[PDB]
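In my numbering, the protein residues as written are 886 to 1035.
Dropping the structure here:
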């Protein structure tokens, strides 16, 4: 038994396709992981840096909770910033002694390298309570170690 079909006009009107993507041979010097698995990949310089992905962590990263991060150099600015982000699992290539100390002191599990005892910054010998990142942040402007440029 066959069925006779009733014909119908297509009448379709589609929309433009979205943008593609690009890579850089420099590779993501900044990175986010979950269960050591690559969650996200980013640069600290260029468009959408470590500063901007911080400036909306909550909005960009829904899974901020218990997440891991990777950076280049944990200086004073990177110490205050990582503390501002509030991540418990971090990795870096290099780290300043007061920075590594502060991170491990907050109970942040970190993987990084540098053999030093003291970075010559006068805030250390002046400020009694190294609890508040805003005290050192001002001196961080004074020495200008907020910009990653030697």
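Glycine residues also receive a C-beta, built at the ideal position from the N, C-alpha and C atoms.
Rounded to whole angstroms, what's the CA-CA distance from residue i to residue j? Just pull it up for me.
i: residue 934; j: residue 1017; result: 25 Å
i: residue 914; j: residue 988; result: 20 Å
i: residue 980; j: residue 897; result: 59 Å
i: residue 976; j: residue 909; result: 21 Å
i: residue 993; j: residue 968; result: 9 Å
i: residue 990; j: residue 947; result: 26 Å
i: residue 941; j: residue 958; result: 21 Å
i: residue 895; j: residue 927; result: 44 Å
i: residue 922; j: residue 955; result: 12 Å
i: residue 982; j: residue 1005; result: 11 Å
Helix, strand or coil for residue i, going by three-state DSSP, please let me know.
i: residue 974; result: strand
i: residue 995; result: strand
i: residue 980; result: strand
i: residue 1035; result: coil
i: residue 963; result: helix
Within 8 Å of any Cβ in chain E, is that where the Cβ of residue i sits?
i: residue 1019; result: The question asks about chain E, but that chain is absent: this structure has only one protein chain.
Could you tell me if residue i is buried or exposed, where buried requires 16 or more neighbouring beta carbons within 10 angstroms of its beta carbon?
i: residue 952; result: buried
i: residue 985; result: buried
i: residue 1021; result: buried
i: residue 920; result: exposed
i: residue 917; result: buried
i: residue 1025; result: buried
i: residue 1001; result: exposed
In chain order, each alpha helix (DSSP H) run of at least 4 residues that lies wholly inside the region 897-960: Counting only runs of 4 or more, we get 935-940 and 942-945.
Report the start-end ranges of each alpha helix (DSSP H) in the region 998-1030 that is 4 residues or longer and not cut off at the edges. The qualifying runs are 1008-1011 and 1018-1028.
Quick test of the definition: if touching needs 3 or more C-beta pairs under 8 Å, does the region 1015-1033 touch the region 962-970? Verdict: yes, contact present.
The region 929-948 in contact with the region 891-904 per 3-pair CB rule at 8 Å: Taking a cut-off of 8 Å for Cβ pairs, the region 929-948 and the region 891-904 do not touch, as fewer than three such pairs fall below it.
Are at least three pairs of beta-carbons, each pair with one atom in the region 940-959 and one in the region 971-978, less than 8 Å apart? Yes: at least three Cβ pairs fall under 8 Å.
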